[PDB]
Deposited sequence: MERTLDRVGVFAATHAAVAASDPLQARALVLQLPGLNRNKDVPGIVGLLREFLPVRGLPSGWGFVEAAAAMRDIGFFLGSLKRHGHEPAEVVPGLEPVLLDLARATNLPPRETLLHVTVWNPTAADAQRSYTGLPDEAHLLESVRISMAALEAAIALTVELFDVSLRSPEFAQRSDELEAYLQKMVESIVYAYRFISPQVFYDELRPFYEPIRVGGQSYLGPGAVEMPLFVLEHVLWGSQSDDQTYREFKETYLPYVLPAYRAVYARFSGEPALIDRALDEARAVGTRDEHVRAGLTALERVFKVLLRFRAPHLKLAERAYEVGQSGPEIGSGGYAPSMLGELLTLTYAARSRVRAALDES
């Protein structure tokens, strides 16, 4: 049914299958050293595979991204025990910067590296902690990342589809179906991830580190390119300070293609702004207009079925505090949906 997922999943699998540093058996030893808080051992283990002669000239994106993944687990690890990886590992910084250049991504590990680009097998999956809860968190992202990428494609396609077009409602219904995966992810997370374990054992691995004279954030699901999708859909012309700063903060961590999508739509009304103008130009009693707007409201419904439960998920973990950004974004989503619902009012 969600047949657009396959191609995105296949691109992720290419990186997951790559191990140019032949680091698999070495990275698997990291959880034990983390448990032992063995900083010298962690550095020693990294130096067993860290390139010292520059990157192999034959590497492409796949190899460079795979190398960053495997070095990357040592970065959040070292910071977890209170150390800047660049300061305690001679020659590491130049490698990170070279890998950043090769991939057009930050000079550390991102959500992509630790989830969809990380192999799934027990004898291959890289992990900070080796904990089941960490594996469950990775799975929760794997459930929806490829679907979300399809959804970004669909949103961009829907942007050029007139509300007057016969496809509008059908495309919106298809977008809704892919976005349902985000809901599935939060249901999964609620079921399988212990809030105590997340907060006490996993969260400390996700601190920022300093590379190239600036701070780079840790992997988190916050880096999923959902914010790019919603920039196009409803948010591009939002003057809300917290929201704009949120998007600009996470922009460097998403794939270059989605950074390009973001830029393309920043100088234009968002999809719903255009659709609502169209509804007003035709008249909101027109059944085809109403069909389109109703379909659009369902997209907002599914976005809220992710976002509201996610806030609860986040609150439960931090009860063991969540940033204001979450509730603020939730409210903005409600406001956007309300604009659609207002057009559908029959009085």
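Unmodelled regions of the deposited chain sequence (numbering from residue 1, in sequence order): 1 to 3, 324 to 334.
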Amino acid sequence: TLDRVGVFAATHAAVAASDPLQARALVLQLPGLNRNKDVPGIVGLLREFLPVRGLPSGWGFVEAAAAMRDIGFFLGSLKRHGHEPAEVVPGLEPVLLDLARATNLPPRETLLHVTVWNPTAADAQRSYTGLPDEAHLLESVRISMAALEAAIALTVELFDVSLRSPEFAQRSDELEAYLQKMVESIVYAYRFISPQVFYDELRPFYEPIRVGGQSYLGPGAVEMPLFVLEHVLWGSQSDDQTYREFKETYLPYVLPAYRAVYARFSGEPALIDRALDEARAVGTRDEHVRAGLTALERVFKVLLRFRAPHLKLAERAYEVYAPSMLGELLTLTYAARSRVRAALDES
From here on, numbers count along this sequence of modelled residues.
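Rigid core here is just the name for the largest C-alpha set that superposes within 1.5 Å across the two forms.
Of the two segments 296 to 304 and 277 to 285, the one whose CA positions lie farther from the displayed form in 4 other deposited structures of this protein, once all are superposed on the rigid core, is 277 to 285.
The rigid core fit leaves 164 to 172 as the farther-lying stretch in 4 other deposited structures of this protein, judged by Cα positions and set against 164 to 172 and 92 to 100.
For residue 61, the record comparison shows coordinates present in all the other entries of this protein that model its neighbours, with no third of them leaving it out. Across the other entries compared, none leave residue 49 without coordinates where the residues on each side are present, so it is far from a third. Comparing the deposited coordinates for 43 to 51 and 311 to 319, the stretch with the larger average C-alpha B-factor is 311 to 319. Higher mean CA temperature factor, per the PDB entry, when comparing 70 to 78 with 237 to 245: 237 to 245.
Among the modelled residues of its chain, residue 144 has a C-alpha B-factor that falls in the lowest third according to the deposited record. Annotation for residue 219: CA B-factor lies in the middle third of the chain's modelled residues. When the CA B factors of the chain's modelled residues are split into thirds, the value for residue 23 lands in the middle one.
When the modelled residues of the chain are ordered by their C-alpha B factor, residue 329 lands in the lowest third. In the PDB entry, a CA B factor belonging to the highest third of its chain's modelled residues is recorded for residue 169.
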